[PDB]
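Peer 1: Residue numbers (the UniProt record's numbering), protein chains in the order written: chain Z, 11 to 73; chain D, 320 to 478; chain X, 4 to 145, 186 to 655, 709 to 830.
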Amino acid sequence: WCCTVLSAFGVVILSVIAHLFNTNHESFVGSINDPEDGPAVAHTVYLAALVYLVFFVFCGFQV
Amino acid sequence: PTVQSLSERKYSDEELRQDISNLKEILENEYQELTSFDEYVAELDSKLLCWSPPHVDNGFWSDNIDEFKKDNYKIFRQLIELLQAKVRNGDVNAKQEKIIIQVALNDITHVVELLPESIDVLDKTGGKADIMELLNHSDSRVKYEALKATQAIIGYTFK
Amino acid sequence: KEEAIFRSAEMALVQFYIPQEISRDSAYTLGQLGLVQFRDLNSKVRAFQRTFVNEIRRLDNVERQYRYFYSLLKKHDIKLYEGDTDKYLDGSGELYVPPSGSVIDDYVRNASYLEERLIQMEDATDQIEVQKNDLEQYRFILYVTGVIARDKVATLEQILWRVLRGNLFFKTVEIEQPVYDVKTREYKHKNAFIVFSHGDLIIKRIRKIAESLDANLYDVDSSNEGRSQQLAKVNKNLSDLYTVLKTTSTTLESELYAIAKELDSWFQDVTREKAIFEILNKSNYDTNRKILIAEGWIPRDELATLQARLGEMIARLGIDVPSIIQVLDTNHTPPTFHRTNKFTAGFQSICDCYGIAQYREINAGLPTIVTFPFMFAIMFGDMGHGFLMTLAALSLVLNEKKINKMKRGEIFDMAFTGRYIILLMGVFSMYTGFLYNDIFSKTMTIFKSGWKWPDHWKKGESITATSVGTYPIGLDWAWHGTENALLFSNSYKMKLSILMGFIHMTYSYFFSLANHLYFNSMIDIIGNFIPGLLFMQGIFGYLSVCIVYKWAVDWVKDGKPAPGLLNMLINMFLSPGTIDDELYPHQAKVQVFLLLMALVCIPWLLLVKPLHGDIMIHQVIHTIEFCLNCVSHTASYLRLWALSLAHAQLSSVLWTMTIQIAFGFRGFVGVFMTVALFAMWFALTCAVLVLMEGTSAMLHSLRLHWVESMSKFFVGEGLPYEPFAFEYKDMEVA
């Protein structure tokens with residue numbers, strides 16, 4: 011119940027991170043110090059978002 | 320109780336205060352009636368009892384208990400037998416008869432705590448067993464009175 | 004005509020004349036309205052001289068009876084179903100003002116009768132305990188006999204064989220089920236203590252020893268026929284006692300459940316009656332004369348409503364007796380009442396927690412309602428954090444009906460009362476984050492970044508960017524991870540905090556002028572307002588103007604070196620000026636003149652105020721305090737930067753930890769780790785940052801408020817208004 015909000019927030023954040031990585035913003039893969047494998051960053055963030063959404067579904071309760 | 324509550328309330332008129340004092344003084348008639356153990360005994364012998372302050376004579380004074388002790392608990396035993404017969408008469412379902420039966424149950428409960436000899440007499444006469452059987456009275460007040468009487472009888476029985 | 008939050012709050016004095024007979028009805032109507040504060044004219048005498056002192060004692064006895072009823076309900080886990088009904092009564096009182104009723108004596112008698120059944124139930128419990136003790140004797144089944192808990196049978200046997208060294212047989216028999224003990228308050232496995240021996244003295248000694256061994260002896264006859272008869276009699280008595288106890292328990296439970304159906308309502312009514320009696324005792328009254336004649340406090344705006352309600356009560360009264368109020372003048376200080384809207388009550392409470400404002404008209408403390416969220420935001424910073432806490436405040440605000448229904452809570456009660464302060468704080472923080480390009484230490488760069496590095500950035504060597512224009516709003520989008528970024532942001536929020544703080548101080552000072560102008564206080568104005576304004580303007584406003592100017596002039600293109608703002612202040616303080624650089628050729632002379640004026644303003648504080709004294713020492717102390725406090729607070733306002741930079745660095749470090757935990761190698765195991773890393777980061781951010789940083793920062797902004805803003809205009813303590821409405825608690829019997 012309580013963890014559902016956390017899972018949803020994590021899913022949203024990971025989705026935003028994946029979008030940024032795919033777009034290759036100045037942050038994240040944009041920085042040279044950070045790994046430049048932008049597609050890899052987007053893939054990792056998207057899969058993390060999928061896991062977070064699965065956690066959201068699991069925590070979802072009806073009554 | 321209404322007179323007592325009114326006396327508790329504030330009086331806005333001196334004439335009202337005088338009237339309240341006069342009513343309080345006149346309330347001594349109830350006390351005089353209650354102390355009349357002869358009046359209570361006559362009412363018990365009378366076919367009707369109105370649960371007047373005389374119905375609390377035993378609590379009001381030990382004179383009522385001493386009078387009921389007479390003839391080896393027979394003064395109380397006669398009233399107990401009369402109440403048991405009235406219960407067995409089948410008229411107790413009436414509301415006025417229900418009130419009379421409640422008064423009789425209260426009197427029996429007072430008698431039971433008055434002296435264990437009365438309890439022994441009631442048990443011997445079978446009145447105690449009949450009261451215990453009829454403890455599940457339909458009327459809530461009658462039921463409470465019968466429960467109190469049974470508790471008084473049981474309390475002395477185990478003592 | 005009603006007045007809102009604009010200036011030192013409004014109130015008025017009025018005397019209400021009422022007939023003696025309708026005193027209780029008028030008191031109930033006023034309490035339901037709750038718009039007056041009766042002056043304690045009759046409370047000058049001691050409490051023992053109260054007119055309703057005997058009625059107060061009767062109400063106290065009724066309250067004691069209600070407390071006993073609540074204790075019984077708790078002892079039998081009653082549901083107190085009237086608690087739901089009590090909420091409607093509070094709602095009924097707040098909305099339609101139901102009549103109180105004159106049956107208070109009837110409820111008093113009912114409470115006495117309930118105490119009668121309470122004593123009866125206690126006696127029934129005692130009888131049940133006795134029967135439980137009697138039931139132990141029923142365990143006797145085929186010389187001294189007794190029963191003892193099995194834990195001590197061996198010890199009793201050893202004591203018997205020692206004290207009675209001779210031969211004495213024993214007949215221990217186990218009990219199938221435990222039996223409750225009185226003192227121990229527990230049921231323990233027991234065993235029979237049948238023992239036989241010769242000698243009367245020996246029997247007495249055995250009985251005494253068993254009694255010392257916490258035993259309860261029994262007189263069961265040895266004869267088989269006699270023992271059987273006694274057992275049958277005991278069984279019959281136990282059955283009768285069990286039936287009687289069951290009936291008594293059922294009756295007591297039914298009575299308690301019936302009482303619980305209206306126990307809360309009766310308690311609320313008793314509390315309302317007690318409050319009415321207490322108000323009457325404090326209210327002025329006479330014995331011979333027509334009772335219920337007194338004065339009190341009431342707003343001017345509520346006069347018509349009070350008259351209409353009094354007329355309605357008189358119509359509802361059983362006697363046509365007029366009831367109105369009279370407004371009279373008095374030099375005794377009036378109270379102060381703030382008109383609290385649903386979303387400004389929290390702000391008003393926060394502002395007035397410091398003290399009680401002076402009297403005038405309208406309502407006061409208003410600018411805090413807007414400034415506190417904004418000043419908390421200016422140090423909260425993060426767009427994401429501000430948005431999250433705004434969402435939390437929205438969640439806590441949309442359910443106000445449920446929030447009122449729910450328990451207030453130890454800390455949540457303060458938070459629930461702040462369900463609207465937190466929302467404004469979140470909105471302001473979201474705006475500040477829309478400026479501070481850091482969602483969570485991240486410049487999203489919605490606009491176009493005005494900076495550009497050289498065309499071919501070195502393979503691994505640092506470079507310095509160049510810009511052609513300014514950012515449309517907020518920090519320039521290129522400042523992310525830059526080495527200069529720390530110093531540039533520091534030099535930014537130096538002037539940011541300085542300018543915001545001076546603006547706040549000057550606006551509060553304007554408030555101060557407004558409060559002086561509401562009164563006459565011409566000497567006060569001349570001696571306090573103008574010279575303090577001269578000080579803070581001609582020093583710190585000049586510093587702020589210089590800070591603005593150094594930003595106005597493009598020293599890069601103009602070529603003139605930029606003078607040090609701190610250097611300029613130092614030159615102004617302990618030199619005739621002539622800094623290594625100046626804002627303008629007159630600006631040096633202008634700064635010298637302003638410093639001279641500020642210095643000359645000190646005697647104005649010292650001596651212009653008295654104008655007539710021994711009390712002038714207080715004025716001199718106040719002047720010194722004003723100067724020192726202005727200097728210290730305007731120096732302090734950089735503490736807003738302190739909090740802001742702390743928040744920004746904390747967010748950056750938290751995100752760095754989150755990225756290191758989550759990204760890793762972006763593998764399947766890496767994704768698994770990130771799945772928990774993101775949640776851990778969110779939990780840490782929420783708890784530490786939001787729950788703490790935000791509460792602390794709200795405290796910091798409020799502290800800056802009381803330290804500087806209200807310290808500029810708050811005139812001192814005053815009389816807090818009282819509504820005198822019925823509490824309608826109907827809970828917390830402790």
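Beta carbons are placed, not taken as given, at the ideal position from N, Cα and C, and that holds for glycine.
Quick check: what's the CA-CA separation for residue 405 of chain X versus residue 382 of chain X?
Peer 2: As a first step, residue 405 of chain X must be located in the third sequence, where it is residue number 362. As a first step, residue 382 of chain X must be located in the third sequence, where it is residue number 339. Cα-Cα distance, rounded: 8 angstroms.
Peer 1: Buried or exposed: which applies to residue 529 of chain X, given that a residue is buried once 16 or more other Cβ atoms fall within 10 Å of its Cβ?
Peer 2: In the third sequence, residue 529 of chain X corresponds to position 486, counting from 1. With fewer than 16 Cβ atoms within 10 Å of its Cβ, residue 529 of chain X is classed as exposed.
Peer 1: Does any CB atom of chain D fall closer than 8 angstroms to the CB of residue 360 of chain X?
Peer 2: Working through the third sequence from its first residue, we reach residue 360 of chain X at position 317. Cβ-Cβ to chain D under 8 angstroms: no for residue 360 of chain X.
Peer 1: Using a Cβ distance threshold of 8 angstroms, determine whether the region 423 to 438 of chain X contacts the region 743 to 757 of chain X, with at least three qualifying pairs required.
Peer 2: yes
Peer 1: Beta carbons nearer than 8 angstroms to chain D: which residues of the region 14 to 28 of chain X have them?
Peer 2: Taken in chain order, the members of the region 14 to 28 of chain X whose beta-carbon sits within less than 8 angstroms of a beta-carbon on chain D are 23 and 24.
Peer 1: Could you tell me the alpha carbon to alpha carbon distance between residue 479 of chain D and residue 469 of chain D, rounded to whole angstroms?
Peer 2: Outside the displayed range of chain D (320 to 478) lies residue 479 of chain D, so it cannot be described from this structure.
Peer 1: In the DSSP assignment, find the unbroken beta strand (DSSP E) run with residue 16 of chain X in it and report its ends.
Peer 2: Taking the third sequence and counting its residues from 1, one reaches residue 16 of chain X at position 13. That run of the beta strand (DSSP E) goes 16 to 20.
Peer 1: According to DSSP, is residue 41 of chain X helix, strand or coil?
Peer 2: Here residue 41 of chain X is taken as the residue at index 38 of the third sequence, counted from 1. Residue 41 of chain X: strand per DSSP, three-state reduction.
Peer 1: Verify the CB distance criterion: does residue 476 of chain X have a CB-CB separation below 8 angstroms to chain Z?
Peer 2: Start at 1 with the first residue of the third sequence, and residue 476 of chain X comes out as number 433. No, residue 476 of chain X does not count as interfacial toward chain Z.
Peer 1: Please identify, using Cβ separations under 7 angstroms, the residues of the region 270 to 288 of chain X that lie next to chain D, in order along the chain.
Peer 2: 280, 283, 284 and 287
Peer 1: Please state whether DSSP places residue 48 of chain X in a helix, a strand or coil.
Peer 2: As a position in the third sequence, residue 48 of chain X is number 45, starting the count at 1. Residue 48 of chain X falls in the coil class under three-state DSSP.
Peer 1: Would you verify that the beta carbon of residue 127 of chain X is, or is not, closer than 8 angstroms to some beta carbon of chain D?
Peer 2: The residue given as residue 127 of chain X occupies position 124 in the third sequence. Against chain D, the CB of residue 127 of chain X has a partner CB under 8 angstroms away; the residue lies at that interface.
Peer 1: What is the DSSP secondary structure of residue 369 of chain X, reduced to helix, strand or coil?
Peer 2: Residue numbering aside, residue 369 of chain X sits at position 326 when the third sequence is read from its first letter. Of the three classes helix, strand and coil, the one that applies to residue 369 of chain X here is strand, per DSSP.
Peer 1: Quick check: the Cα distance between residue 79 of chain X and residue 126 of chain X, rounded to an integer number of angstroms?
Peer 2: As a position in the third sequence, residue 79 of chain X is number 76, starting the count at 1. As a position in the third sequence, residue 126 of chain X is number 123, starting the count at 1. Distance between the alpha carbons of residue 79 of chain X and residue 126 of chain X is about 16 angstroms.
Peer 1: Just list the residues that DSSP pairs residue 259 of chain X with in beta bridges.
Peer 2: For the purposes of this step, residue 259 of chain X is identified with residue 216 of the third sequence, where counting begins at 1. Per DSSP, X:190.
Peer 1: Spell out whether any CB of chain D is found under 8 angstroms from the CB atom of residue 566 of chain X.
Peer 2: For the purposes of this step, residue 566 of chain X is taken as the residue at position 523 of the third sequence. Judged by the 8 angstroms Cβ criterion, residue 566 of chain X is not in contact with chain D.
Peer 1: May I have the straight-line CA-CA distance separating residue 68 of chain X from residue 303 of chain X, to the nearest angstrom?
Peer 2: Position 65 of the third sequence holds residue 68 of chain X. Position 260 of the third sequence holds residue 303 of chain X. Their backbone Cα atoms lie some 14 angstroms apart in a straight line.
Peer 1: Does the region 556 to 568 of chain X touch the region 439 to 446 of chain X, meaning 3 or more C-beta pairs lie closer than 8 angstroms?
Peer 2: The region 439 to 446 of chain X makes no contact with the region 556 to 568 of chain X: fewer than 3 CB pairs, one atom from each, lie closer than 8 angstroms.
Peer 1: Quick one: any contact between the region 425 to 443 of chain D and the region 368 to 388 of chain D, if contact means 3 or more CB pairs under 8 angstroms?
Peer 2: yes
Peer 1: Who are the near neighbours of residue 615 of chain X in its chain, counting only those whose CB is closer than 7 angstroms to its CB and skipping five residues on each side?
Peer 2: Position 572 of the third sequence, counting from 1, holds the residue named residue 615 of chain X. Once the five neighbours on either side are set aside, the close Cβ partners of residue 615 of chain X are 634 and 638.
Peer 1: Under 6 angstroms Cβ to Cβ from residue 726 of chain X, same chain only, skipping five residues before and after it: list those, please.
Peer 2: The residue given as residue 726 of chain X occupies position 630 in the third sequence. Once the five neighbours on either side are set aside, the close Cβ partners of residue 726 of chain X are 579.
Peer 1: Any C-beta of chain B sitting closer than 8 angstroms to the C-beta of residue 63 of chain X?
Peer 2: Any reference to chain B falls outside this structure, whose protein chains are Z, D and X.
Peer 1: DSSP three-state call for residue 509 of chain X: helix, strand or coil?
Peer 2: The count along the third sequence starts at 1 and reaches residue 509 of chain X at position 466. Residue state for residue 509 of chain X is assigned as strand, using DSSP reduced to three classes.
Peer 1: What's the gap between the Cα of residue 632 of chain X and the Cα of residue 720 of chain X?
Peer 2: Indexing the third sequence from 1 puts residue 632 of chain X at position 589. Indexing the third sequence from 1 puts residue 720 of chain X at position 624. Each residue's Cα considered, the two are about 27 angstroms apart.
Peer 1: With a cut-off of 8 angstroms, does the C-beta of residue 403 of chain D fall near any C-beta of chain X?
Peer 2: The sequence position of residue 403 of chain D within the second sequence is 84, counting from 1. By this cut-off, residue 403 of chain D is not an interface position.
Peer 1: Anything in chain X within Cβ reach of residue 351 of chain D, meaning under 8 angstroms, just list it in chain order.
Peer 2: As a working mapping, residue 351 of chain D is identified with position 32 in the second sequence. None at all; the shortest Cβ gap to chain X is about 24 angstroms.
Peer 1: Note down, in chain order, each residue of its chain lying with its Cβ closer than 6 angstroms to the Cβ of residue 63 of chain Z, except the 5 sequence neighbours on either side.
Peer 2: By one-based count along the first sequence, residue 63 of chain Z stands at place 53. Here the set comprises 21.
Peer 1: Within 8 angstroms (strictly less), CB to CB, does residue 454 of chain D reach chain X?
Peer 2: Counting from one through the second sequence, the residue named residue 454 of chain D turns up at place 135. Yes, contact with chain X.
Peer 1: On the DSSP bridge assignment, give the partners of residue 333 of chain X in chain order.
Peer 2: For the purposes of this step, residue 333 of chain X is taken as residue 290 along the third sequence, with counting starting at 1. Paired residue(s): none; residue 333 of chain X is not in a bridge.
Peer 1: What would DSSP say about residue 419 of chain X, mapped onto helix, strand or coil?
Peer 2: For the purposes of this step, residue 419 of chain X is taken as the residue at position 376 of the third sequence. In this structure, residue 419 of chain X counts as helix in the three-state DSSP scheme.
Peer 1: May I ask you to verify whether the region 323 to 343 of chain D touches the region 784 to 798 of chain X, counting CB pairs closer than 8 angstroms and requiring at least 3?
Peer 2: no
Peer 1: With distances taken between CB atoms, is the gap from residue 33 of chain Z to residue 770 of chain X smaller than 8 angstroms?
Peer 2: Counting from one through the first sequence, the residue named residue 33 of chain Z turns up at place 23. Counting from one through the third sequence, the residue named residue 770 of chain X turns up at place 674. Their beta carbons are not under 8 angstroms apart, which means residue 33 of chain Z does not touch residue 770 of chain X by this criterion.
Peer 1: Alpha carbon to alpha carbon, how far is residue 44 of chain Z from residue 586 of chain X?
Peer 2: Translated into the one-based positions of the first sequence, residue 44 of chain Z becomes position 34. Translated into the one-based positions of the third sequence, residue 586 of chain X becomes position 543. Using only the alpha carbons, I get a separation of about 43 angstroms.
Peer 1: Out of X:322, X:53 and X:5, point me to the one whose CA is closest to residue 27 of chain X's CA.
Peer 2: Sequence index remark: in the third sequence, residue 27 of chain X carries index 24 (1-based). It is X:322 whose Cα lies nearest to the Cα of residue 27 of chain X.
Peer 1: Rounded to the nearest angstrom, what separates residue 756 of chain X and residue 766 of chain X at their Cα positions?
Peer 2: Position 660 of the third sequence, counted from the first residue, corresponds to residue 756 of chain X. Position 670 of the third sequence, counted from the first residue, corresponds to residue 766 of chain X. Cα to Cα, the separation comes out at about 11 angstroms.
Peer 1: Just verifying my parser: in three-state terms, what is the DSSP assignment at residue 810 of chain X?
Peer 2: By 1-based counting over the third sequence, the position of residue 810 of chain X is 714. If DSSP states are grouped into helix, strand and coil, residue 810 of chain X belongs with coil.
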